Each structure stands twice: as C-alpha cells, then as structure tokens.
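Only one chain is given next, in structure tokens, and it is the form deposited in one PDB entry.
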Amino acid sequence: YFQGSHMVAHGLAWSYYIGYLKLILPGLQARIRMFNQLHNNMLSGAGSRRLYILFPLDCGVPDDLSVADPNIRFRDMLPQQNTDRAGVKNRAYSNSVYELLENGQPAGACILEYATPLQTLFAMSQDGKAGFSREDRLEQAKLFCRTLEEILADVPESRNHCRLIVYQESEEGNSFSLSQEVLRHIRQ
C-alpha cells in the first residue's frame, strides 16, 4: 500500500473544513449564548460549549442519534446561521443539542453530530460504480480523520471548538456506551 497524495479522504477533509467548519466556527459561541438565554444556561461550562463530532470509523451513520444510544436524547436546536453560498441565498447551517442520560436523568448536555462525509464513504462502498471496497473505506475514514486533525490544528484558539470523538464500532464491545464516551469527553 502506498498512500496516494490526493485521495478521496483528503478532499473530504478539506471539504468539511472549508465548506462547514470554517463557516460556522466564528459564530458558534454567539449561537450558544443565545441558546443559554432560552434554556437557563444549559450549556454551562466550556466542556459543554464545544462542537462534538462523532467519527465512527466503520462509517455507520444513522440520522437519529438515539439509534446509536438511547441515552442520547434530543433537546433543541441552536439558533441557525444563514449565509449566502455559491448562489444559494440564505443557506442554513444548523446544530442540535442533546441531553445525555444516566439512570434516566440528564447528566450533561452538548452539541453533537456525526461527520457527514462518513456517509459519502459508506455510500461509495455500497455502489459498484464507485469501485470502492470495505477495506478502502476504512483506510479512507482513518485518513479523513488524520487530515482533518491536521487542518484543525491551525485554527486560532478563539475558534478551537471542534472536538472529534473517534471510535471503531467493530472494535469496541457490547459494553461500549456512546453517551458515556461523550460524557467522558465533556468531562475532560
């Protein structure tokens, strides 16, 4: 295996930064402050004010987080950002806030989502026209993560809000609890 120079993953990483994260990081905290005004400071500490992105390396990305763990419960959306983009007026960028339950009660809350490009990788893997194996998919998923981390390293601290939660579903165990993992990241 020789890793190519500009692979699918490289492009996805750059896409994900240039076309989302870079766009939303400047206003994220303002949106959070607004949310807190409505929700009695639900997102109180710094740890609850990060943008946590789930990165399942097997690329299983359900649209509903509660599917992954029923202890991840949707609470409300942040106020949305609207931006004119590439001829689409008022394109909307949105994020969702979840409560993390322990014993049926909220133990934390945070902004949580999956990394969307992992959906692309999964779909490519399922289409013969794509020419893309399961082995290719895993490697690309790992490369996407590494490349993204490299790009994010260069963000100034005032915009250093992304936090990646990287795991491989097949390697975890029946005792893996995604909500606990997220709470662990919040707590660190």
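Rigid core (definition): largest C-alpha set, two forms, superposition within 1.5 Å. The numbering used is simple: start at 1 and walk along the sequence shown.
There is another form of the same protein, the form deposited in another entry; it is not shown, and what comes next is about it.
Only one entry in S66, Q29, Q119, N41 has its C-alpha moved by 2 angstroms or more between the shown form and the other one when the rigid core is superposed, and that entry is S66. Superposition of the core reveals a Cα shift of less than 2 Å for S96 between the shown form and the other one.
Annotation for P106: C-alpha shift of 2 angstroms or more between the shown form and the other one, rigid core superposed. Once both forms are overlaid on the rigid core, the distance between the two CA positions of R85 between the shown form and the other one is 2 angstroms or more.
Put simply, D84 and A30 come closer in the other form: their C-alpha atoms are 3 Å or more nearer than in the form shown.
Relative to the displayed conformation, the Cα-Cα distance from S133 to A68 grows by 3 Å or more in the other form.
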